[PDB]
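Single-structure report; data block below.
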Amino acid sequence: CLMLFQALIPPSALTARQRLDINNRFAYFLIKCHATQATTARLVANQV
Amino acid sequence: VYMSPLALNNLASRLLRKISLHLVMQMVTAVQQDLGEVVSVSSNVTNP
Amino acid sequence: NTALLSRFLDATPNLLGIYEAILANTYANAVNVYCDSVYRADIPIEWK
């Protein structure tokens, strides 16, 4: 839903704060569910 | 005047009686509600 | 899950309805003074 909702509204409709959180909540999700045990580890090591 | 505690106190006591300030200020509640939002919309966790 | 989500994506085009109800009032949405499309970021957040 959140992903769809992003197509009915221009950026202007959301707080520049939240817009940022969303990106983060997504990155979390990627790293948590779609990243290799090897990919994660590299990022952590390079302090990304 | 500065030779006697009484004298000094009397003079000071008098000099201050005359100050008469009158300031003009906005509605408190208004400012505290505006600045209020500015904080809420931009803070990530209950800002002290 | 796969099911529900599958039916979900298969139905997103139904959202077309919103697009209509909005586009239906094209003239009303544009021929007026209140509409604008440029984001003036400097606008005080407490005014919104």
Filter pass, C:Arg7 being closer than 30 Å to B:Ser40 by Cβ and free of Cβ contacts under 8 Å to residues at least 40 places away in the same chain: no
Some residue of the range C:34-45 being out of contact with any strand residue (DSSP E or B) (no Cβ under 6 Å at 6 or more places or on another chain) and assigned to a helix (DSSP H, G or I): yes
In the range B:11-41, residue surrounded by the fewest Cβ atoms within 10 Å (Cβ to Cβ) [restricted to those that are among the small types (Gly, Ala, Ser) and part of a helix (DSSP H, G or I)]: B:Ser13
Checklist (1) more than 14 Å from chain C (Cβ to nearest Cβ); (2) within 22 Å of the chain's Cα centre (by Cα); (3) loosely packed, with under 10 Cβ neighbours inside 10 Å; (4) not hydroxyl-bearing (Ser, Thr, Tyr) applied to B:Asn44, failing item: (2)
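Table: residues versus (1) within 13 Å of chain C (Cβ to nearest Cβ); (2) under 27 Å from C:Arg40 (Cα atoms).
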{"position": "A:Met3", "(1), (2)": "yes, yes"}
{"position": "A:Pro10", "(1), (2)": "yes, yes"}
{"position": "A:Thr15", "(1), (2)": "yes, yes"}
{"position": "A:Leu20", "(1), (2)": "no, yes"}
{"position": "A:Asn24", "(1), (2)": "no, yes"}
{"position": "A:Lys32", "(1), (2)": "no, no"}
{"position": "A:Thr36", "(1), (2)": "no, no"}
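Which ones in the range A:6-22 are surrounded by 10 or more Cβ atoms within 10 Å (Cβ to Cβ) and not hydrophobic (A, V, I, L, M, F, W, C)? Steps first, please.
To start, the set of residues in the range A:6-22 that are surrounded by 10 or more Cβ atoms within 10 Å (Cβ to Cβ) comprises A:6, A:8, A:12-22.
Within the range A:6-22, A:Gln6, A:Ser12, A:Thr15, A:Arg17, A:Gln18, A:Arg19, A:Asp21 meet the criteria.
Laboratory data are not the source of any read-out in this text; all were calculated from the coordinates shown. With ideal geometry, Cβ positions are generated from the backbone for all residues, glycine too; neighbour counts draw on all protein chains shown.
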